[PDB]
């Protein structure tokens, strides 16, 4: 139950302050290799990211989990290069996000399970870098293909002990659908983070999942298009709720007794091609702190509301370690 990173296995003691939902680059499979000019250059992306991670390291971050799948253009060589140069642990992922190509979406639950296992048990591409988390996504009512992905994720998790992290669009309360399928496969809720759960203020929804032992991904705290009302693409991607509003859900879950079920992140990136052109600039305008936003802005905000330092250390260090540590 050491944890696999892009630099190899590390012990739980070394994981430290973890951001469990981030991205070096949000893209599409092969796109970084075929069109680096889109990002200025690969070299520019590598530097921009390295600088960003280093600033997160200065603010106390020791590990990030890059939840980019194959179809979100995960380039594990970009992750390894940036991890080493920033000296920050990066856990990579398998799974399937919202843009599977035909070679993925035509696959069977059995085939998908085998693919996830390859990426966990053997390595990603020809690199030997093994995934440490499984990635899944739904929007709205689960599609037949998304249900296959969820079942394959559960089976791969049961075989390897690595956890599952989900994209929910909304809520839209997607966690209840996901949890039902995961449990039908015998997966323990303690192996699952229901992500983008900071999109909603439905505390009944959040607390009921937490009470079942799910981890709650309050993972996009700095995402907000307040002030950018004239930019429809910004509003659609980041929403109209303030970062403080998202952050207060952390306090709300603590106050209900569920501190141990909380995972906090920025869901930041250093490049993005999967959306509108130059969207990285729009996001950067909203959060110049990048991935340092959690430790620099959110932690002090929560301490200010009277949350004890020890509880914040538990959410940022202990919870991610328990989550990431492989457990059958």
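Positions refer to the first chain, counted from 1.
K.L.:
With reference to the PDB entry, specify whether the mean Cα temperature factor is higher for 122-130 or for 245-253.
P.N.:
Per the PDB record, 245-253.
K.L.:
With respect to the recorded C-alpha B factors, which stretch has the higher mean value, 296-304 or 49-57?
P.N.:
Taking the mean B-factor of the alpha carbons in each, 296-304 is higher.
K.L.:
Could you tell me which one of 136, 76, 232, 91 shows the highest CA temperature factor in the PDB record?
P.N.:
Across 136, 76, 232, 91, the entry lists the biggest C-alpha B-factor for 232.
K.L.:
Considering only 290, 26, 30, 36, which residue's Cα atom bears the greatest B-factor as recorded?
P.N.:
In this record, 290 carries the highest C-alpha B-factor of the candidates.
K.L.:
Mind checking which third residue 63 falls in for C-alpha B-factor across the chain?
P.N.:
As the PDB entry reports it, the C-alpha B-factor of residue 63 lands in the middle third of its chain.
K.L.:
Divide the modelled residues of the chain into thirds by Cα B-factor and specify which third, lowest, middle or highest, holds residue 105.
P.N.:
Tercile = lowest for this residue's CA B-factor.
K.L.:
Based on the deposited C-alpha B factors for this chain, I'd like to know if residue 41 is in the lowest, middle or highest third.
P.N.:
Bottom third by C-alpha B-factor.
K.L.:
Lowest, middle or highest third of the chain for the C-alpha temperature factor of residue 285?
P.N.:
Highest third, going by the recorded CA B-factors of the chain.
K.L.:
Hey, what third does residue 220 fall into on Cα B-factor, ranked over its chain?
P.N.:
As the PDB entry reports it, the C-alpha B-factor of residue 220 lands in the middle third of its chain.
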